[PDB]
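As a starting point, one isolated chain is supplied in structure tokens, in the form deposited in one PDB entry.
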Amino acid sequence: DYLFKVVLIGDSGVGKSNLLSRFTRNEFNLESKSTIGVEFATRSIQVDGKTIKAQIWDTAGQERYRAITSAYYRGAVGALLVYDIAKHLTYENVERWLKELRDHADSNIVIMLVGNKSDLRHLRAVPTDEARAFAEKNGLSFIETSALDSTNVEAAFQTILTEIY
């Protein structure tokens, strides 16, 4: 009975924890209940008429010691690389996360670029187009999600799990 390991990465405050709670329990929390360290939780999904088990990992990013960083990426078959569409700096940091994946993760890890906080359209600072072309260029999948209103959260996880299984 195998649990596919999928890691969340991206700047602190982008809603990674909320994506986790959406995917595992379909919950949202305005007051962040983000891990102070590393956390994981499990989900069962029907992909291609089959049952797939996934463990989604999340990190505060407060610990950089080599043993935990190696442990976080060890065995990961998928990564959701998350930014906040209302913060250009989070989008700029995606290259840093892409680099971290190359440095510590399996070279064949499937990567999905996720623009979270789609609900805040008025405060948008990252055009869909730009992000999309970056993704295409770097060989990533791309989706915009809202943890708050649940838009595309399941779809995001489904897509990655389809390539992983």
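Shifts are known only where both forms have a C-alpha. When you see a residue number, it is the position in the sequence shown, counting from 1. Between two forms, the rigid core is the largest collection of C-alphas that superpose within 1.5 Å.
What follows is about the form deposited in another entry, which we do not show.
Of the candidates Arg102, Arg96, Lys137, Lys33, the Cα that moves 2 angstroms or more after core superposition between the shown form and the other one belongs to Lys33 alone. In the core-superposed comparison between the shown form and the other one, the C-alpha atom of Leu120 has shifted by less than 2 angstroms. Once the rigid core is used as the reference frame, the Cα position of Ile68 differs between the shown form and the other one by 2 Å or more. Inter-residue distance, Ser34 to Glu154 (Cα): increased by at least 3 Å in the other form versus the depicted form.
Between the C-alpha atoms of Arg102 and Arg66, a gap widened by no less than 3 Å is obtained in the other form, as opposed to the form on display. Under a 2 Å criterion for C-alpha shift, the consecutive stretches of 3+ residues that differ between the shown form and the other one after core superposition lie at 1 to 3, 33 to 35, 61 to 68.
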